[PDB]
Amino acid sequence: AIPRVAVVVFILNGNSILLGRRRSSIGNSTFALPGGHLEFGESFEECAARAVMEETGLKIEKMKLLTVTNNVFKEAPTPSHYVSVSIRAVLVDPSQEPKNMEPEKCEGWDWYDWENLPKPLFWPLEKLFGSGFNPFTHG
């Protein structure tokens, strides 16, 4: 039981970000970012693009580091600890539509306006936003 590194991606499209309802023992049915586990030797940017491609089929570019959060899930069925590196990115083709490529992990992916985010947000994401974090402006 060690902390594991994940990368989560804020895909920015106009005033919207991509979110999807989790299928998971942690935060089931709450809206969360696409993302994945960092693999050995992988850069944050390579992981962001790979996880996004694997989950959504979307092709992203201009990956930029935003922040890092410490997320402990002691009450989970298997207790877990993730260190989540957040990456900002945009679409290579702004008309490309998302697909639900890994339905075992997500109900489906859609775009949500910054000022009309859906509920319930997965609590690490809600808590990050509650700090004042803004993926469009953070720098």
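Start at 1 with the first residue shown and count on from there.
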item	value
Mean Cα B-factor comparison, 71 to 79 or 109 to 117, giving the higher one as deposited	71 to 79
Higher-B stretch (mean Cα B-factor, as the entry records it), 98 to 106 or 83 to 91	98 to 106
Chain-relative CA temperature factor third for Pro3	highest
Third assignment of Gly36 from its chain's C-alpha B-factors	middle
Lowest, middle or highest third - CA B-factor, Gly132	middle
